[PDB]
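Chemist: Mind having a look at this structure? Questions to follow.
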Amino acid sequence: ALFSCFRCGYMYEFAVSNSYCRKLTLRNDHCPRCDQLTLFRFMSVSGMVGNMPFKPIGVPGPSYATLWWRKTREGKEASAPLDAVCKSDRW
Amino acid sequence: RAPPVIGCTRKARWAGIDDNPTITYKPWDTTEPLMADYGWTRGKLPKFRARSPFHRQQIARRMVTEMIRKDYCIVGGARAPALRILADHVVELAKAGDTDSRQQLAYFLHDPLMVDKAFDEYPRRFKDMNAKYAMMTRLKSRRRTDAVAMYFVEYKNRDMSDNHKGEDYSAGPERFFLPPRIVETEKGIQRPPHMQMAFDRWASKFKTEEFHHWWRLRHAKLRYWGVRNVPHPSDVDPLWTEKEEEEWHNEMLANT
Amino acid sequence: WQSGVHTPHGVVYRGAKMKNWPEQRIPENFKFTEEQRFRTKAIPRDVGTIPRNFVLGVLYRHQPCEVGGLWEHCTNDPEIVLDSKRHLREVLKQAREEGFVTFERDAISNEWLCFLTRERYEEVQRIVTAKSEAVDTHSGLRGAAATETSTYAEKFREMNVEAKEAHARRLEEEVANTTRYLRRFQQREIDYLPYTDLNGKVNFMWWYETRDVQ
Amino acid sequence: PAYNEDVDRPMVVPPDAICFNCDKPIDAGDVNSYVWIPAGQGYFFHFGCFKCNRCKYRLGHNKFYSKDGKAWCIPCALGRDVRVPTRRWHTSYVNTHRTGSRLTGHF
Amino acid sequence: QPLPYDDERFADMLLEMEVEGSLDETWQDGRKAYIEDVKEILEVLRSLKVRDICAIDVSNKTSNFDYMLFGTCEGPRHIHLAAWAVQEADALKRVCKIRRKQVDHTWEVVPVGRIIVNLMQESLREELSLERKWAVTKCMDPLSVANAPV
Amino acid sequence: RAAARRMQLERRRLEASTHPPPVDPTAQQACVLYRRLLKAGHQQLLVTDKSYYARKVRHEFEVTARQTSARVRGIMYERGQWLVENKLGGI
Amino acid sequence: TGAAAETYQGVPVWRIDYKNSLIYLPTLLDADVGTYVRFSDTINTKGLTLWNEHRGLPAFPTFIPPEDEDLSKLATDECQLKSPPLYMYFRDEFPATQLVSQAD
Amino acid sequence: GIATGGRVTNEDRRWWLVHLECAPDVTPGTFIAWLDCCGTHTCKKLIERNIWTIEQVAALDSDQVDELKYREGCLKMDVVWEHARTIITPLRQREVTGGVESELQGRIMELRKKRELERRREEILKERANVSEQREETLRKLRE
Amino acid sequence: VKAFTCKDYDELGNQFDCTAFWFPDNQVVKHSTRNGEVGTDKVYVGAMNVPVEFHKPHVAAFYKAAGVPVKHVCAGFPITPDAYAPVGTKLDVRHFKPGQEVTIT
Amino acid sequence: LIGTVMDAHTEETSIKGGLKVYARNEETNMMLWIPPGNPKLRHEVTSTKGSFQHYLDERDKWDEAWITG
Amino acid sequence: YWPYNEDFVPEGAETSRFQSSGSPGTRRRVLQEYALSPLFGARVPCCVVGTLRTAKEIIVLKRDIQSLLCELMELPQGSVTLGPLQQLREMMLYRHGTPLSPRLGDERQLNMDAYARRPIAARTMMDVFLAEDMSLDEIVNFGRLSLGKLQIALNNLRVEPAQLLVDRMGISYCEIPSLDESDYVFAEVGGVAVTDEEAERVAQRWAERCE
Amino acid sequence: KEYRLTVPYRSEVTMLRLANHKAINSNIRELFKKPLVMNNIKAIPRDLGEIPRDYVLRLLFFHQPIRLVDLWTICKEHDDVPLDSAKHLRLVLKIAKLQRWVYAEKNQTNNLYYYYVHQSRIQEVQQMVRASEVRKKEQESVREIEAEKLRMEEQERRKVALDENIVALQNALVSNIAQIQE
Amino acid sequence: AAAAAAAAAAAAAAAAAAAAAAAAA
RNA sequence: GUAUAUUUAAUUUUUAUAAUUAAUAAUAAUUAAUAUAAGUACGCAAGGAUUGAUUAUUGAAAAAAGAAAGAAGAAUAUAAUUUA
Ligand SMILES: [Zn+2]
Ligand SMILES: [Zn+2]
Ligand SMILES: [Zn+2]
């Protein structure tokens with residue numbers, strides 16, 4: 001799931017397992033933009049840990065918002081300035 | 001040509017394995033260490049009673065977390081072999097030591113501190129051990145509650161273990177929040193500072209007086225609900241006092 | 001990483017070596033199978049305070065930073081803390097996400113040039129000044145030569161009053177030579193340990209030291 | 001729907017958000033008791049200040065009518081004589097920190 | 001340099017496979033029919049006074065027969081007699097005979113191994129132009145499968 | 001993937017539009033094709049009746065082309081050229 | 001329903017591997033791996049006798065291996081006896097009598 | 001291979017030699033993971049020992065195999081060692097000469113014919129277009 | 001013993017789901033007859049060798065009395081007098097034929 | 001027939017194998033499983049390599065055909 | 001419900017070849033060459049030595065065992081080679097004949113008139129090979145000599161290399177196992193008979209490539 | 001007693017669905033589905049104010065004839081819109097009609113079109129003219145700010161080059177000092 | 001998007017015979 | 001035609017081992033397709049049967065003598081994968 005800093009709005013993705021059910025809607029984490037422990041708000045769902053019986057892994061599916069965020073952060077245009085620095089496949 | 005019995009058919013609890021060609025369906029990658037299906041077939045771990053597969057998974061997580069927190073755990077019924085196999089899988093993850101393995105263990109367990117403890121100590125503890133890392137003794141004392149066999153599931157190579165060395169579990173300590181008993185010949189051992197600090201912080205909660213009030217309130221609650229042998233909250237006495245605190249502090253200083 | 005497998009033989013990065021990582025030779029005939037190469041993974045790199053500060057300082061020095069130019073400047077700089085081009089790319093991505101670096105397709109050349117956000121430019125300046133002051137105060141030997149310090153101040157003033165492009169280029173060459181000479185003896189080691197935070201996300205705690213190979 | 005996705009617009013509250021009525025800053029760090037309405041632009045109200053700036057009473061329909069930079073209830077704005085409320089007077093019945101407004105937004 | 005076929009990748013793969021000499025090696029078979037047998041059947045039909053005899057080779061084209069023969073007869077009795085004559089000519093390798101009660105009084109087909117002979121009346125022959133279809137159908141092009149499904 | 005498939009379909013449509021469509025052959029072209037077919041049949045075929053083959057091709061040219069449309073006539077002209085080049089498809 | 005002494009009658013043999021002491025029967029049993037199956041010799045079928053001059057005769061009373069041969073001196077592929085075809089035609093198709101056309 | 005029981009045997013060696021054909025691109029320097037029965041643990045321990053290639057694995061010795069299989073925890077290290085030993089020599093010969101009797105001239109001719117046939121297909125399409133244009137021009141002439 | 005399962009093919013395109021049965025050490029363990037009555041002759045054949053500690057005491061005693069090596073399983077077959085084989089005989093899989101008919105119990 | 005390889009049961013030579021194919025004729029789309037070792041069903045992978053993109057698009061074609069059917 | 005997602009293989013990624021060539025004829029010819037090729041990892045063992053101890057204890061003495069065996073077989077130092085140490089499974093239920101079965105004290109050919117075998121006498125094994133140039137007769141002679149010397153050493157136990165091996169090293173078993181004849185006699189590849197001339201040509205080609 | 005809750009590995013979507021606790025940033029759909037008394041979800045606060053009214057009037061003046069749906073679509077297309085869900089827009093139109101600003105009119109088609117009242121549109125025209133003048137003034141100020149920013153950026157480049165020079169010289173001195181010891 | 005649908009049986013025999021490949025392509 | 005008693009099904013857990021006799025599931029399943037005979041017998045003639053094989057219909061079955069309160073699995077398909 002995607003979690004966004006309450007003030008900064010910086011977003012980070014991390015799937016949540018069953019062990020952390022009561023920490024999905026709200027979280028507390030050390031945001032990078034603000035060097036303080038800040039609250040993080042749930043914004044979108046990425047994908048469950050493990051998989052449901054007798055189905056492929058990605059059947060639950062990431063949300064469209066998560067897909068768009070990942071595309072923005074790792075797409076053709078996004079990767080073009082950085083891919084030259086270091087081919088994303090190797091070093 | 002087709003076999004006589006066609007399709008995946010459930011057999012007796014103790015039945016052999018036939019190589020007749022049938023379409024096999026597995027819910028997921030059972031070969032994964034901590035993601036193992038529960039069933040009465042020989043290829044699956046025994047499925048101890050639970051209100052749902054999710055509840056069974058929660059019970060497995062709790063059992064594994066308790067095992068990591070204190071190697072020894074007493075579990076009743078079919079869940080003992082499941083706990084032993086899960087402990088072996090956790091040891092395999094720790095020995096693998098991959099970042100993906102650590103993240104998987106973090107997903108599984110409830111306590112990241114225990115995840116770190118396992119990944120720190122189990123590698124060196126079971127470096128020389130090939131396959132079986134957890135032993136499962138059977139206790140002749142059955143639980144009075146429902147008369148279910150009890151199993152003492154323990155980790156092996158306690159001497160090689162760093163934070164659990166010289167620990168004897170023949171009898172629990174005076175209080176559950178006190179450090180476990182220590183063998184006489186192993187009284188000078190010293191535990192890792194981080195684990196020691198975590199245990200001290202956990203014990204301070206019970207050392208607080210509001211816990212004593214909660215304990216008396218629990219006496220009252222059980223008395224109201226119907227549990228017979230629950231002494232009246234007027235007669236109950238605090239688990240922790242000042243003289244006992246100083247005596248246990250001296251004992252902890254001596255043991256180091 | 002290993003030079004012989006992750007890169008063509010003869011490619012070596014003069015960055016900060018990892019502590020306890022053995023530089024082991026690999027045969028020239030080595031080559032991966034394509035499926036294995038696809039399935040291959042990579043150790044996570046540090047994207048935190050020190051690496052981002054180093055990259056921001058490099059960009060502050062060379063405001064217009066091409067790709068190869070940025071890598072060469074980072075290698076030349078003596079405060080190298082990075083390990084490889086992959087680490088550099090990860091740090092750049094983290095800085096971009098934080099909102100520090102901006103990449104633009106230069107009109108003059110197809111190469112992607114890099115700039116620093118004006119909102120974060122004040123933060124970059126403060127970081128650079130704080131690092132410089134901390135280094136100056138920490139250096140015990142510095143200040144023992146009052147005449148040398150005065151001559152260096154005079155050189156700074158002369159460069160400021162005159163055109164200092166040639167002086168900056170000569171200083172960059174001297175810095176490269178000094179960095180090579182230092183690398184001959186010392187090296188910045190990196191030591192890391194994994195841990196799990198309360199959120200359940202595996203992260204790495206890093207610390208950097210200086211070891212004298214001698 | 002629930003949890004209106006805010007990827008396109010971060011939906012953050014600036015430190016210097018001024019109350020729409022009393023024109024004073026809002027400190028979201030202390031508490032979230034204030035009232036925020038994205039309406040994506042952005043509106044901020046103190047819980048007390050949410051009352052109509054003229055009659056200083058609550059909003060029956062929970063709707064107001066901004067006038068001269070101040071929020072006036074629908075009766076006052078339309079000109080009908082304000083009728084004193086019975087259930088409650090000085091409140092607004094709105095939910096704090098966009099919780100009553102998170103239903104609508106951009107997805 | 002694209003390729004007219006809809007699936008460029010698969011079309012290129014098929015072209016390379018065909019050129020390298022693999023499709024022919026995999027599909028090679030020596031059970032082809034005999035033009036000599038075709039000519040003998042032609043002579044038998046001519047002796048029996050069958051009209052408009054045609055022999056269309058279908059070995060190259062995708063089908064279930066080789067050297068299909070088509071003939072037109074003046075009536076059901078003539079059709080039956082011609083079918084019996086063809087079966088007698090094939091008597092050597094023939095395994096079974098045709099029905100003695102003509103099910104279809106306007107069309108009788110005698111299968112002779114890879115060769116098949118169809119004797120019809122003029123009306124039915126003009127109705128169903130199997131000769132035209134099998135003469136116009138293009139040969140088995142390996143790249144022909146490199147098109148969209150239907 | 002769907003967007004890529006649609007883009008490829010649009011490109012193929014553009015290429016097809018650029019390419020010319022089939023056209024109805026003129027009388028001279030039809031006569032030349034008929035003569036070539038007749039001569040090739042006479043030179044090649046040995047089992048089929050030459051008179052019947054000539055009658056069938058004559059009937060095809062004088063009936064089916066008129067009955068069908070211009071596109072079908074062009075397709076049949078191309079098919080006849082293919083037959084002449086590939087030995088009448090076996091006769 | 002389950003465990004019970006079942007008896008398939010007249011299953012043809014398909015392959016004998018006397019180096020590894022294996023017999024392959026072209027059928028699938030509803031039994032678990034490891035079950036001690038008992039093999040007997042069917043005495044008649046379709047009003048005939050299994051052993052006869054037309055088909056053959058058994059190694060009465062049992063098979064006594066020769067002296068010179070040594071199974072430890074033979075590979076696994078040199079010690080396999082495959083049965084003649086059980087069916088007469090390609091069961092995907094039909095027999096040539098019922099087949100529209102045959103290739104031969 | 002992976003199913004070998006106890007000791008390795010000439011049958012398993014011949015199986016490996018046969019499947020060498022099915023593995024063409026393999027080179028003596030190939031990564032060790034291609035070896036049959038080489039698990040993640042085994043390849044990690046080999047990398048720790050600095051063994052990175054099938055050639056090195058085959059060049060190993062009995063003492064190294066023993067200390068890998070009975071002190072490093074590696075399992076079936078004997079199997080992977082036998083695989084490498086049985087396969088190295090064919091791999092070296094392949095590296096020295098890739099295609100023996102492969103008819104390199106035949107392959108070059110096949111490539112030339114492939115290029116010629118592709119060009120012929122394109123020319124056929126262009127000729128069809130030209131014929132259509134000629135038919136259009138003839139129709140224009142008839143109209144005129 | 002039922003060894004495993006596989007698939008084989010006839011000289012034609014017929015596929016057979018074959019079951020492979022393993023025949024361990026087999027020996028004629030005993031001869032039986034109900035007081036010499038005609039047709040009651042029976043031969044008991046062993047299945048597979050087995051340690052001494054594996055069997056129950058009475059089974060071990062039976063095998064000791066027989067003198068044949070201890071066998072895990074022992075089946076019985078009614079036969080005719082001419083088909084008798086001496087106790088302790090070694091039976092090879094070639095006792096059968098590739099194309100004969102077998103009754104499987 | 002000429003088709004693709006939708007799936008393969010096992011990664012190494014074995015009697016317990018089998019391979020899936022998606023043959024597509026003029027107007028027929030048949031997905032068939034073929035087992036190895038059958039003397040009559042001579043199946044040969046004509047290329048030394050395959051393309052996952054080709055597999056994906058062919059699988060999409062088969063899915064569309066099956067849904068339409 | 002397809003087994004593989006669209007990212008199972010990285011986008012725009014090449015795949016390695018899995019067969020020599022698409023031509024079945026050349027594929028069959030290469031298969032024939034490889035099948036008829038001689039074994040390269042094959043090594044006939046001079047004698048399989050065996051100890052009642054464990055591998056973690058015998059690894060230390062492995063080199064000493066090799067030197068003592070070389071002295072026993074009266075060969076120049078370093079002439080013999082030791083194969084990997086193989087520890088036989090600790091089978092609760094013994095099963096004679098399995099490769100991973102603890103070798104028993106005796107054998108029927110040794111004590112025919114015995115109602116049981118002698119207890120286990122070897123839990124770890126190690127093959128001893130000589131130089132490949134040694135003939136089969138030489139290998140058999142060396143194995144028989146070593147076996148006889150070790151048997152005499154054990155009997156007298158109930159200085160010299162045999163006594164040193166029996167007492168210090170601890171080995172208490174040795175055998176000369178039969179030849180591994182599991183190899184295939186490829187008389188036909190891909191359904192095509194292997195002519196004698198073709199087989200000889202393939203053998204000559206392999207010998208030339210090896211030399 | 002639901003299959004999703006019964007699944008051994010609960011999905012994140014199901015977890016969020018179950019996350020209906022009465023707390024900040026809790027699911028709103030589940031709370032709304034729950035009884036009003038049980039939860040505390042009150043009426044949505046909206047600004048039926050002068051600025052939204054002016055925005056709607058500007059959009060209507062731009063698209064003189066326009067349906068409610070088309071106006072909502074135009075609002076969606078516009079990025080910085082103070083409206084949402086189109087119910088705020090409908091309420092704004094209703095209050096405008098009550099105040100004699102925007103009035104509906106029926107047509108042969110089943111739908112009706114919202115037009116601007118004549119006695120109130122003249123104010124919008126001058127309002128739009130003033131808005132355009134303010135936009136032009138803002139653009140001129142932005143150009144002036146751009147010139148000031150480029151000059152300040154040149155000065156910043158000069159001082160940053162000075163800082164880089166001094167820092168590089170300091171680093172060179174430190175490296176030279178560190179060379180003497182070795 | 002990936003499969004092409006056509007109605008060939010509706011066409012006449014002559015068309016369906018002499019233009020099958022052209023329509024299929 | 002709204003679990004008690006009778007009744008029936010199954011079990012009473014490795015029994016080295018079915019069957020001397022009691023009881024007990026299958027006394028012509030027709031039918032359909034194709035071929036042989038045969039283009040025969042027969043019939044004035046057109047015409048033309050009787051008829052054991054193949055396929056289709058897909059399943060194939062035996063009660064009575066040995067030692068007993070844990071999981072017939074030391075459970076992650078090996079009656080120990082090295083193991084400290
Ligand atoms: Zn923040
Ligand atoms: Zn206020
Ligand atoms: Zn008011």
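Letters for chains follow the order of the structure tokens (A, B, ...), residue numbers begin at 1 for each chain, and ligand numbers begin at 1 in the order shown.
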For chain C, list the residues within 6 Å of chain H, counting only C-alpha atoms, and write the list as a PyMOL selection string.
Modeler: chain C and resi 29-32
Chemist: Based on DSSP run over this structure's backbone, return all residues of chain A in strand (DSSP E or B), as a count of residues only.
Modeler: 20
Chemist: How would you write, as an MDAnalysis selection string, the set of residues no farther than 7 Å from ligand 3 when counting only C-alpha atoms (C1' of nucleotides) and all ligand atoms?
Modeler: chainID D and resid 52:57 72:76 82
Chemist: Near chain E, meaning an atom within 8 Å, which residues of chain F appear when counting only C-alpha atoms? Write them as a PyMOL selection string.
Modeler: chain F and resi 47-49+52+79+83+88-91
Chemist: Tell me as a list in words which residues belonging to chain M come within 7 Å of chain E, counting only C-alpha atoms.
Modeler: residues 2, 3, 4, 5, 6, 17, 18 and 25 of chain M
Chemist: Using C-alpha atoms, can you export the residues from the last selection as a compact mmCIF listing (two decimals), in the first residue's frame?
Modeler:
```txt
# COMPACT_ATOMS: atom_id res chain seq x y z
CA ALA M 2 -6.45 -9.65 -31.69
CA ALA M 3 -9.06 -11.75 -33.56
CA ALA M 4 -10.71 -10.83 -36.86
CA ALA M 5 -14.36 -11.76 -37.37
CA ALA M 6 -15.74 -12.32 -40.85
CA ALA M 17 -13.55 -19.98 -53.31
CA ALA M 18 -11.59 -17.40 -55.32
CA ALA M 25 -5.17 -11.91 -45.01
```
Chemist: Applying 12 Å and only C-alpha atoms (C1' of nucleotides), which residues near stretch 9-11 of chain M remain after dropping the ones on its own chain fewer than 2 positions away? List them as a PyMOL selection string.
Modeler: (chain F and resi 68+72) or (chain J and resi 27) or (chain M and resi 6-7+13-20+23)
Chemist: Pull out every residue of chain J sitting within 12 Å of chain B, counting only C-alpha atoms, and send them as a PyMOL selection string.
Modeler: chain J and resi 9+16-17
Chemist: Residues within 12 Å of residue N:56, please, as a list in words. Count only C-alpha atoms (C1' of nucleotides); anything in the same chain fewer than 5 positions from it doesn't count.
Modeler: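 Returned residues: residues 31, 32, 33 and 34 of chain N.
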Chemist: Write the residues of the selection above to a file with C-alpha atoms (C1' of nucleotides), as a PDB file, in the first residue's frame.
Modeler:
```pdb
ATOM      1  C1'   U N  31     -29.715 -52.043 -29.874  1.00  0.00           C
ATOM      2  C1'   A N  32     -26.712 -48.684 -33.444  1.00  0.00           C
ATOM      3  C1'   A N  33     -22.421 -47.858 -37.140  1.00  0.00           C
ATOM      4  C1'   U N  34     -18.916 -50.240 -40.764  1.00  0.00           C
TER       5        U N  34
END
```
Chemist: Mind giving me the straight-line distance from atom CA of residue E:49 to atom CA of residue E:78 in Å, one decimal?
Modeler: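 Computing the Euclidean distance for atom CA of residue E:49 and atom CA of residue E:78 yields 9.2 Å.
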Chemist: Determine which residues of chain C sit within 10 Å of chain B, taking into account only C-alpha atoms, and present them as a list in words.
Modeler: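 The answer, sorted by residue number, is residues 43, 44, 194, 195, 196, 197, 198, 199, 200, 201, 202, 203 and 204 of chain C.
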Chemist: Could you list, as a count of residues only, all residues that come within 8 Å of ligand 2? Count only C-alpha atoms (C1' of nucleotides) and all ligand atoms.
Modeler: 13
Chemist: Just want the 9 Å neighbourhood of residue A:38, counted on only C-alpha atoms (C1' of nucleotides), with same-chain residues fewer than 5 positions away dropped. Output as a PyMOL selection string.
Modeler: chain A and resi 5-7+27-31
Chemist: Would you mind exporting N, CA, C and O atoms of the selected residues as an mmCIF file, in the first residue's frame?
Modeler:
```cif
data_model
loop_
_atom_site.group_PDB
_atom_site.id
_atom_site.type_symbol
_atom_site.label_atom_id
_atom_site.label_comp_id
_atom_site.auth_asym_id
_atom_site.auth_seq_id
_atom_site.Cartn_x
_atom_site.Cartn_y
_atom_site.Cartn_z
ATOM 1 N N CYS A 5 3.205 11.061 3.830
ATOM 2 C CA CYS A 5 3.448 11.890 5.003
ATOM 3 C C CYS A 5 2.307 12.884 5.179
ATOM 4 O O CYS A 5 1.822 13.473 4.209
ATOM 5 N N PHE A 6 1.871 13.066 6.427
ATOM 6 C CA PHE A 6 0.713 13.915 6.687
ATOM 7 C C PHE A 6 0.957 15.340 6.205
ATOM 8 O O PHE A 6 0.078 15.962 5.598
ATOM 9 N N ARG A 7 2.149 15.871 6.465
ATOM 10 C CA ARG A 7 2.481 17.235 6.072
ATOM 11 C C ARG A 7 3.207 17.285 4.730
ATOM 12 O O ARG A 7 2.787 18.005 3.820
ATOM 13 N N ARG A 27 -0.061 5.111 9.965
ATOM 14 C CA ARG A 27 1.267 4.640 10.328
ATOM 15 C C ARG A 27 2.056 5.786 10.940
ATOM 16 O O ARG A 27 1.654 6.948 10.872
ATOM 17 N N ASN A 28 3.195 5.449 11.538
ATOM 18 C CA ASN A 28 4.149 6.437 12.026
ATOM 19 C C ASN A 28 5.522 6.050 11.503
ATOM 20 O O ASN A 28 5.963 4.915 11.708
ATOM 21 N N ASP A 29 6.194 6.980 10.829
ATOM 22 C CA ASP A 29 7.458 6.648 10.188
ATOM 23 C C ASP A 29 8.325 7.892 10.095
ATOM 24 O O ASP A 29 7.841 9.022 10.191
ATOM 25 N N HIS A 30 9.623 7.669 9.911
ATOM 26 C CA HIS A 30 10.570 8.762 9.751
ATOM 27 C C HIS A 30 10.609 9.202 8.293
ATOM 28 O O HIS A 30 11.345 8.631 7.481
ATOM 29 N N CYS A 31 9.808 10.224 7.960
ATOM 30 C CA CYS A 31 9.738 10.718 6.595
ATOM 31 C C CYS A 31 11.091 11.276 6.159
ATOM 32 O O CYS A 31 11.795 11.904 6.954
#
```
Chemist: One decimal, Å: what's the distance from atom CA of residue C:207 over to atom CA of residue C:189, could you say?
Modeler: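 Computing the Euclidean distance for atom CA of residue C:207 and atom CA of residue C:189 yields 8.5 Å.
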